[PDB]
Every structure is written in structure tokens, then in C-alpha cells.
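Single-structure report; data block below.
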Amino acid sequence: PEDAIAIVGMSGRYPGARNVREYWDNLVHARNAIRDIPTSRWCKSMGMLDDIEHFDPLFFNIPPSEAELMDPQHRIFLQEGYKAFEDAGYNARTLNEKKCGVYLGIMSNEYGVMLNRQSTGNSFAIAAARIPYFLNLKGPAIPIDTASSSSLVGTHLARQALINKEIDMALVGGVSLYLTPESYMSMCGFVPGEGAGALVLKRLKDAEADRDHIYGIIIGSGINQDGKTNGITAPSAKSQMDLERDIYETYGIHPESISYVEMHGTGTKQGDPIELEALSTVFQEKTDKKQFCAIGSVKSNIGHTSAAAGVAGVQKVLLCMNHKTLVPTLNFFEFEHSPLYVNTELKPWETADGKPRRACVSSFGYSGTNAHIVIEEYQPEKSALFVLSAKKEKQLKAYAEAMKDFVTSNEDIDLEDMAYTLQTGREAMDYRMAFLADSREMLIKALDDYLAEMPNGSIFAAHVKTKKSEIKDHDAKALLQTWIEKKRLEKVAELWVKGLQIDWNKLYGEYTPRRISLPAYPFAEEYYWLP
Amino acid sequence: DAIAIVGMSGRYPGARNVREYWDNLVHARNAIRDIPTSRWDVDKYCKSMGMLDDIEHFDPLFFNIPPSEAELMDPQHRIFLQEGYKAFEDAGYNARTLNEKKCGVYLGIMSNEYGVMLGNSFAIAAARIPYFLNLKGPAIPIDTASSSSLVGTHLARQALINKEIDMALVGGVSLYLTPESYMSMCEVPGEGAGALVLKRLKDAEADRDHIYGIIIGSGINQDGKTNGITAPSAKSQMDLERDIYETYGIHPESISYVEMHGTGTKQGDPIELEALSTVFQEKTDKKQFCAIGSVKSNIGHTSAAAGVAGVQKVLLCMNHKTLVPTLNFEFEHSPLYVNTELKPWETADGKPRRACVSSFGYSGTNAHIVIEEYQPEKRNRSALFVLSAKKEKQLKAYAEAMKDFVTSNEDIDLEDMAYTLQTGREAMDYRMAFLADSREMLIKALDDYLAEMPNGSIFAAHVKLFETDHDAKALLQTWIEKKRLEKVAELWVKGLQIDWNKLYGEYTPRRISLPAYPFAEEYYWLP
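These protein sequence lines map, in sequence, to chains B and A. Note that the first sequence covers residues 1 to 42, 60 to 136, 141 to 209, 229 to 372, 379 to 428, 439 to 528, 533 to 591 in the authors' numbering. Note that the second sequence covers residues 3 to 47, 60 to 132, 142 to 210, 231 to 371, 379 to 430, 438 to 520, 528 to 591 in the authors' numbering.
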């Protein structure tokens, strides 16, 4: 049991959703993001990402000329993988030399082909390794290609390595794009889908000790093969049942405790009756209770997203748990006498009696390698100085807008958690701004003044350069401390924007706030494609 | 806990199998050659490679694959199907006994060229064996460039220890089908394909598998930030090695050979030396007690297959208690020496030999494992030899491989051989059987069969009221207990299923390594 794995960070980019918050808002409103394929790229519809050519190579210390040579899958994953770490409240400083493994679901290598007719950089290997190379992580970095089960197979491997104590953190993800018509048509009536997502995992006990924010807990997982089926793309009912049963047995999970399953299938393809029967039979081995478990699939919203399917599904489940809300599955065997029902409504996600909500995700690929994972709701033991920095001023401004939007959408935000998170959970980069605020309304006002260039005496800003501070010595340091303990946050703000390193923990005595989810770095949006 | 290696098969430059491989290493053969035109023209684009031969050859029918589909199959997939399959037979397992096993498959593979030249995903590559044999453990390709097969080994080990699977097939395959992929990798590339079969040690002992050696530790990690992604990290290598020795309680003084990642002559190689040497020195002042080398000096740098090629070299050295040369920093004050000799591999009294293998890749993901010699417990007339193939021509070819093997192996235990042929091979449709009670009679029967000598001593047929009738079954049994092996032979070649265990009373023989299926050498390339 105390082999529980916490999910402490997430980031996701899917058709119709540039981030996890849009994603949620789309699911809540039952939005279908599938569109007709346009000429700009080249059945006839697809869940597509937008602006797949955009990248911020300088952020990652990659020359612009090399960006053109990078598979966009690699680029987009670097970006999302990175943002997941910030979502968790981790930065370059705090990640440097961590034994963080990286497990990257990825199943196509098309861009490299496209280029070699003009001309290695675009291997699966290098894809997995870009993040560790950028952030100096020390856990293994392994791409996983099991077709559509990839990101969920990666999740299982990460879980096992954490439980074994071989790593102390994992980044697991997936990414899929269809850059040629050929790659589309390899999928498929699977409406093929694009996407890219990442999760950050730690052992639960480390997540609690370090005071991470915890979206949920993985309490079981397993993987297996179909073996011999009637054609390699056809599923095995027995293999699915064995998978599910073996996980529930191994980790002592009673099927009655499970109230949602994020299916592999949409309900409407060839293999999908089998998935339904298998799950239902395994549940019925242990209970005569009827229609207590909702099922659905986000593939009805965003298409069948290949290697990223697992991470997209997990993220949906976590978002449902966090809001205690089940959301429709779109356009979906004898349900009446089964444990299952198809949830087509937006409704509260109910629990029995304080018991945490539990859900599964399934992900089964064309090559017959299957994965299934069980997730449990985490049930916690439940003037500020705001700082923002970016590597270019234009990105700093975009940061301040993303923060303003977030505060405006989220009347509930705890201001002290937000500031603490901005202090300790983001890297101080060269273009810097800071301000004081004691209420939500003051906070919005400062951000608005900063954006509108309205003077405001609570706002400070500078570009680091190579500054001339006499403090960095003894008597000056003692004064800084004096300012902290007297809460002269103006003075702290002023110096911090000019480049002075502040030990943020000293701002806090009795009460220490918590890192929470905030929007992550707003990457430049620069175009790079085949030279 | 301990993982047994119970089967292996390998195909490397200059070596069609693991027996030629050994013979090549013992004689210090270098299999690297000039690239010929049949591959491509080097002059239109260095110039040598460790190459496999007949990379186009495949037996699609054996695997229930249409000939036309073979042409569409990447030869990497084809060759691994063959070697992976043979590793199972090397262990003494067949379709019948593998059906529905939770055997996982971990396949190191790093290039997809044939598909471009034109089903051929890494995913499908890993999965062809499970689909053919109906295995139920996960099937996962691994691409960490050159560390791939050794990273796969680590993942298999962990899954076995956790009890998620009960067997693993781990392997690697690399070919250079275009000048482009050769040149890139090159910033001497080697081809190859190999597999190992792994089980928990306790299951291997209970099932009476033959055990080449034991994996006693492994780990994997990442260089992280280096000066360019292809450059190594001295610290990561030391942390890797140290963390493994500490975690699994292995003292460096117990280690007497290390199969290096590098040959000793390339950019990153001074770093590998210094890292390993430093870690060893943290624990001992002993000097020059650990030999080092690399089979890449013999067969080229074999990419994804490097790990399995290295592990196999180590096992073969342990089995023969022999260290072999490596071909072509201040050693004197180090724990290490470069072994350039063919010499006996010594241990201080009793203790099992221990060795490591390292495998680093262009993407910075490193693996290292520690292997220990297996030391079996002491063990406590006519035998019936049976051979079968799916085509008569392969049966004949099988007869010749067995004859060569018996001829080369003057101390084979005949009973173990027959038992292995009985219980450790599938009975296929073209069948032959004979009796023999000595090595020389065994060779003679095989020779007569090949020469189609009217013998009467040899039974053969192409596939039966001993199935239906109660009293007929009883008679068969009566024949067994009276050791009327001629009668058993006769019926078996016609298709009667025999319960081989009944031939054995209180003394049961053991499965050993024998040559594995001789695939039909049929050419398939681009349609």
C-alpha cells in the first residue's frame, strides 16, 4: 500500500486545449475538438494541435538553426515536460542532479525522414534525453514505443523504479503528431489525435515530507501482452481480464471501490465490445452490485491521441477528482445487469462515506502491449510579495497576463500560497518584476497597472545586467535580515528585481505557505520548420 | 535477488552462432572487413564494418508469415525473430511449453531504415515473438542507442524480481542498411543480433534449467548535462557503478573481469577507465587484480546489440574458465589491467568468478550489470534420439548440425542430449529417430541418415489407434517400462505423442544446450 506514488505536477497540450485548464473547461462543457484536416497540413478529420512549429530554442540553450532540424515532437515535449516541473513547483536549481528518470511515450519518426532528403538528432533516444540534458537530471531516460499504450507503459515503469528506490522522481509523458498523410492512415474508424503531456511522480511519503501539492495517487498498475490474437491489432479478452484481475489482486483493490474507468476505446470501434465485457466480468467476479461504475473516454473529445493517450486519460481523471465532478463522454452490450454505466452527464462525483474516489485508466496498443493503472483521490491533512521573471521582457509581459487571467478566473486563490509558489517554485530569470498586494483586488490592479504602464508605487521592475550591490557585505546582510523580520517587503522587492538572491524561507516564521499549481513559463512563440 | 540466464543465441560478424563466437574470441579473430559493393559503394560517400552475412535470409513459413509479407519486413525484425526463437530452444523451451507464459520481451533496437526504403515500428518488432508464441508478458522495444539491450536487461531483471513476469527474453539487433546511418553512428560500427532468456534463480533450479550464470546486480542512469549530448559524464559512471556495488553488497575485489563499453582508443574511453578505477579504489588498495577488455575490438561497435554481445562473451568466458584477449592512463597503480592473453581465468579457492558489463549510449543513458558464475550441485545404455523439422530439407540440415556438434563435443552426455531432444524441442511434421548407446554409434546413425543408407536402424516419416483404445495404451506403457525404444521410436515418427517422462524412473537427465532450429535460407528483399 505505501508503495503509493504521488502525482505532483502535470502539463498538457491537446486539440482545443493549450493547457490543462482549457482542457478541463472543454471537458466540463463537452467540447469536441475534432476538425476537418486543412491544406496547410496537406477518414478526413483529426484532433489537431495548433502552431506545432512554434518553439523557444533560446530558453533551452539551443541555436535557432538547430531548432529547424528538431522534430517538433521533441520540441513540444521539451516545452510540456518542462512546464510540468514548474506546475509541481520545481525549477533548474532544485532539479539539478536529481535522480529523476524520464519515460517518454513516442511512436513516430517522420520529420527526420522529411529532412534527410536535404541531409543522430531525431532518434527516440535523443527525444527522451533532451530534458535530462537541459536540466542535468540523473535518472535513466528511456523512450517507450508500444504504440498507443506507450505513455501508460512508461507510467508503470516509472512507478516500479520509484518503489524500488532506483529514482526519486520521474517525468513520464507522451507525445504524438501526424506530420505526413502516411502516418495518419496508419491510425485507422479511429479518429487520429495529436497531443503532448507530462506528469511528475514521486513516492507519496517524499511528496508529503517535501510539502508538494498532490493531484492524486497511483495505487496500482500493470502491463502485459495479448500474445496470439487473430491479427496483431486485434485485442485479447483474456489478456485484458488477466491484466485487470492481476492488478486488483496484487494491490488488494476491491472493484466496488472503483467509480470511474477511463476506457481505451470510445465504444464504437471493433475491439470495444471486448474491452467492455472484460472489465465487466472482472468486476462481477467480486460484486453483484450494478451500475456503480461510470465509464467514458476523452478520445470522444480530442480524437485517439496515440502515444499521448495514457497521459491525456490520466490527466482527465485527476482533473475530475480535483473538482469532484464527472464529465460527459460523447457519442458512445447489456449495461442494466452490469457494474458499469456510460456517463453522459456533467454531475458531481459521489462517494460513499468519506472514502476516497478511485478510478482506472486503460491503454491498449496495436502491437498488443497493454497497460492499466488505478488512481486514488488524495485527501490532505488540511501583505504578500509577488515576483515574476522571464528570459525576455516580452515573455515577462506574457507571464503577467497569464497570472492576471488566472487570478481573475480563480476567485478562491490563496494569495500567500501563490506568492510563496512564485518565490520558491520558479527560477529567478533576468527580466524581473515584483509587487506587494494584500487582497485579490490589489493583486489584479497591480498586474493591470504593470501591463498598462500605469505608475503604481507598489511595483518594481528591472533587468539584471551585472549589478553593483554592496550587500552581497556583513553589515549590509544584517540590515537585509532586519528588513525581512520587520516585513519591509518593498525593500526586499527592490533588491530582488535588481538581482539580489533572497532566502525566501526567512520571510516565514510560524506559518509557512504551500506550493500550488500556477501557470507555467509562457514560451516565445517563434516559428521553425524544414530549412 | 538472483536472475539466472538459462538460454542464449547470438549472431555476430564472423559468427553465425554462439559456438563460432566463442571459437573466434579464443583465437583472437577480428571479424571487421571492408564494406563491399553488394551493400553500397563506399567511394561515393570510415570504410570498414563488422557485418553480418545473409541479412536478407528468413524462414517466413516457419513463423506463419506469407512470403510476400517477408519482403515488407525490416530484416532487423526477421533476424531477431530467428535469434530470439533460438534462444528459447537453447534453453530447452518450445511452443508447447511457452504457450501463455508470462514471458516479457525487451528488445533493444535503434534504427528504422528499411521502412524508409519501402508493420516496421519498434513496437511491432518487440511484439513478433509474443504474437508467434503466445507469450503474455509485456513486449517493449528499447531505444537508448548503444545501451539499449543492457537497459532492457535491467528492466527484465526488475520485472522478474517483482514477480510481474516469470520469464524474459531480452535482446538486441543492429544493422546498417544505408551509408547515412553508418556515417552518423560513426560520429567502427558493428552489426549483430542476440538474445538471452532470464528467470528467477529459484525457478530455474526447481525447473532444472541449465544455467549459464547469474545476474547479481544491475542499474541504469543518465549523464545529464555534458559538453555535447554524445560526451560522457565521469560522475554519472562512478555514481552508477558505486550505487550498484553498494545496493547489492558487491565488493570490487570480488570482480576479476569487466567488459568495457569502449575499446580504450576512442574519445570517451579515458573517462570510462578513470571512473571504474576510482570506484574500485574507494574500496581496495589491491592492484591489477581486474582484467578489462571489449569484444568491440573483435566485432566492431555493435550498437543496440552491444549489451547482449558483451554479456554472452562474459558467460562463455565463465563457462570455459578462460579469459580471452582484447585486441589493439597509469595501469600499474590501478586495480585494472588490459588482458591481451588467452589464459585460464583464476579464482581464490572456491569463490565464483564475477564480472561486469558496461554499456553507455549517444543519448547519455547508461547501464552496468554484475554477473556471477553459477556453481551447480554435484549430480547423482541405449538412448532414443529424435529430430523434427517443418520441411524435410531442414530436417536433413538439422541432422548435420547435430552431427557437427557431437563431433566437436567429445564429452557430451548422450542421455542429456536425447532428453533435451525429447522434451526441449517441438515435435514438427517431418520426423526422424534412432537409438544409440555411444558417441560413435550416434555419429554413425546421423551419417547413415544423411547418406540415405538402407539402415533399418533409422526411423523416419512425415505425419494411430494407440490414441483411442484403452488396451493399446497399456501396451505402449509396457513397451516403455521394458525399454522397447524401437517401438516408441517407430510410433513417434508417425505422429504419436509420447509422454517422455515415463522413460525415466528415478534417474532423470537434464536439458542442455544443443543447436537450435536450422532456418530455411530463403532470400527476401524490397518488392
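Every residue gets a Cβ at the ideal spot worked out from N, C-alpha and C, and that includes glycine.
- Between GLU97 of chain A and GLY9 of chain A, the beta carbon gap of about 11 Å keeps them out of contact (Cβ cut-off 8 Å).
- In chain order, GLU114, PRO153, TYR154, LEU156, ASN157, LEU158 and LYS159 make up the part of chain B whose C-beta sits under 8 Å from the C-beta of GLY267 of chain A.
- With a cut-off of 8 Å on Cβ pairs, the region 118 to 131 of chain A is in contact with the region 159 to 166 of chain A, counting three or more such pairs.
- Listed in chain order, the beta strand (DSSP E) elements of length 3 or more contained wholly in the region 232 to 314 of chain B are 235 to 243, 256 to 265 and 300 to 302.
- Under the criterion of beta carbons closer than 8 Å, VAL119 of chain B and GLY160 of chain B qualify as touching, at roughly 7 Å.
- The C-beta of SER136 of chain B has fewer than 16 other C-beta atoms within 10 Å across all chains shown, which makes the residue exposed.
- A contact is defined here as three or more CB-CB pairs under 8 Å, and the region 171 to 190 of chain B meets this definition with respect to the region 240 to 255 of chain B.
- By the C-beta density criterion, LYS100 of chain B is buried, having at least 16 other C-beta atoms within 10 angstroms.
- Taken in chain order, the members of the region 395 to 417 of chain A whose beta-carbon sits within less than 9 Å of a beta-carbon on chain B are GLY411, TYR412, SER413, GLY414, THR415, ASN416 and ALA417.
- Annotation: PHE332 of chain A has no Cβ neighbours in chain B at a cutoff of 7 Å; minimum Cβ distance is about 29 Å.
- In the three-state reduction of the DSSP assignment, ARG21 of chain A falls in the helix class.
- The distance from the Cβ of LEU316 of chain B to that of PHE379 of chain B is about 5 Å, consistent with a contact at the 8 Å cut-off.
- Contact fails between the region 291 to 305 of chain A and the region 446 to 466 of chain A, because fewer than three Cβ pairs, one in each stretch, are under 8 Å apart.
- Rounded to whole angstroms, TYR291 of chain A and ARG482 of chain A show a C-alpha spacing of 37 Å.
- Taking the Cα of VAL322 of chain A as reference, the smallest distance to any Cα among A:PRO313, A:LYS278, A:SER337 and A:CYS360 is reached at A:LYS278.
- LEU560 of chain B and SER525 of chain B do touch by the CB rule: their CB atoms are close to 6 Å apart, below 8 Å.
- Contact between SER413 of chain B and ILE272 of chain B holds: CB atoms are separated by about 7 Å, below the 8 Å threshold.
- Separation of the CB atoms of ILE7 of chain B and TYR255 of chain B is rounded to 5 Å, and the pair is thereby assigned contact status at 8 Å.
- Annotation for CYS406 of chain A: the continuous beta strand (DSSP E) segment containing it runs 404 to 409.
- Taking one beta carbon from each stretch, the region 60 to 72 of chain B and the region 380 to 394 of chain B have fewer than 3 pairs nearer than 8 Å; the two do not touch.
- For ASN341 of chain A, no CB of chain B lies under 8 Å from its own CB, so it is not counted at the interface with that chain.
- Taking C-beta atoms as the reference points, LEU478 of chain B and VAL443 of chain B count as a pair closer than 8 Å.
- Taken in chain order, the unbroken stretches of beta strand (DSSP E) that lie wholly in the region 473 to 515 of chain A and span 3 residues or more are 487 to 493.
- Within chain B, the C-beta atoms nearer than 7 Å to that of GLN181 of chain A come from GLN181 and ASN185, in chain order.
- Between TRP564 of chain B and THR480 of chain B, the beta carbon gap of about 5 Å places them in contact (Cβ cut-off 8 Å).
- The Cβ neighbour count for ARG404 of chain B, taken over all protein chains shown within 10 Å, is at least 16; the residue is labelled buried.
- Those residues of the region 485 to 512 of chain B placed with their C-beta closer than 7 Å to a C-beta in chain A do not exist.
- As the crow flies, the alpha-carbon of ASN416 of chain A is around 21 Å from that of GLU422 of chain A.
- Our two residues, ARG575 of chain B and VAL354 of chain B, have alpha carbons roughly 22 Å apart in a direct line.
- Under DSSP, the beta-bridge partners assigned to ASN416 of chain A are A:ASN264.
- Residue pairing for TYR14 of chain B: DSSP places it in a beta bridge opposite B:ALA17.
- The C-alpha of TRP24 of chain A is placed about 18 Å away from the C-alpha of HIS344 of chain A.
- Contact note: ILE5 of chain B does not reach chain A at a C-beta cutoff of 7 Å; the least C-beta distance is about 14 Å.
- Membership of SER445 of chain B in the beta strand (DSSP E) is indicated by the continuous run 440 to 446.
- DSSP lists B:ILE163 and B:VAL193 as the beta-bridge partner residues of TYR120 of chain B.
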